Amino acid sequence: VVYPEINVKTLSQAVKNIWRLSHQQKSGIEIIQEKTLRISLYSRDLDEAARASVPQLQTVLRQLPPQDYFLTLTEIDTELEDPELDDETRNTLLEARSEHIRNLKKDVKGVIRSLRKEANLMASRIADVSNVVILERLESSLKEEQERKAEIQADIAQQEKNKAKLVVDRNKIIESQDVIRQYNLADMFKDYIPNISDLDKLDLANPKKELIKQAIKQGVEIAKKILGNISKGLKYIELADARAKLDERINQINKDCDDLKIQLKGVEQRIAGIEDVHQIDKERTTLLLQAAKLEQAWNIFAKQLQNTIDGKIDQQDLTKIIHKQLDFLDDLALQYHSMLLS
């Protein structure tokens, strides 16, 4: 027979993590929010049962060794060897050991009921935490939100790119207005913006010619395309009118990007919430492994003492079984005593 190796820190830390996750998680499903609180509540109850079982079973097992029959049965059986008085000594000593054995069975029956009581209790705790169903179509939900996150991020990226193009198209028209305003082109050329050929004839330095000549050509070409002008010349008021439409469209894109960034926080919070629920299931799996080993240990402990008192009573064998079972509990207490959670 071998006892399970149990880490109660891994058990208790997992219960601690379920509590933390069940309260910060914000997937916004609500029934999941309630079910996660059920798991944390029953998880803490399981942890309480595990912590109480150790000093409970220690108390029960420690009552057996100090009994008189452990020592006196060895003294009876050792003196029940040599040629003795067959009635006065031998018959009487047999009836004395039968009295001791009846008390030994009665005590060992009692500690077995205590071990079974802890096993059945831990089994009820394991049932409570495990029976809460949380992963029904949660892999489906995680896929849905990440798909919605993908197209929102894709929309923001396109919107930002379409805005970036409109920003330069706007800035090209602004540069055209600046050279018109700086050199008073509206004063010379009435109503319509001067052509590229007309700008050459102006009294300007050669670097200044190419400066304004490129500005006008670029801003006019853009403005004409926006107003649907593929025929006539461009007026100054039409240049400002062309900019006004771009400012309206850029402002509209900024508003649309703000609404998308609100939705993006929504999906990211819900994906984070779904990931915490997935983590709660993994923390629950971790603690149940340790919890199942406690149930197993007590049922092993019970049947081990049962087999000692089924047939012939090996007084001194039982003393080893108790001390081995006690050393196992001493270890569990050592873990709880020096436990540092986080």
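Residue numbers run from 1 along the displayed sequence.
> Test of understanding: from the entry's C-alpha B-factors, which stretch has the higher mean, 70-78 or 123-131?
Result: 70-78.
> Out of 80-88 and 210-218, which one has CA B-factors that are higher on average in the deposited record?
It is 80-88 that shows the higher mean C-alpha B-factor.
> Out of 292, 54, 39, 313, whose C-alpha atom has the biggest B factor in the entry?
That would be 313, according to the entry.
> Looking at 261, 255, 97, 270, which has the biggest Cα B factor in the entry?
The C-alpha B-factor peaks, among 261, 255, 97, 270, at 97.
> Residue 60: which third of its chain by C-alpha temperature factor?
CA B-factor rank for residue 60: middle third.
> So where's residue 308 on the chain's Cα temperature factor ranking, which third?
Highest third of the chain for residue 308's C-alpha B-factor.
> Comparing against every modelled residue in the chain, figure out the third that the C-alpha B-factor of residue 43 lands in (lowest, middle or highest).
Bottom third by C-alpha B-factor.
> State the tercile, meaning the lowest, middle or highest third, of residue 326 with respect to the CA B-factors recorded for its chain.
As the PDB entry reports it, the C-alpha B-factor of residue 326 lands in the middle third of its chain.
> Is the Cα B-factor recorded for residue 286 in the lowest, middle or highest third of its chain?
Lowest third, going by the recorded CA B-factors of the chain.
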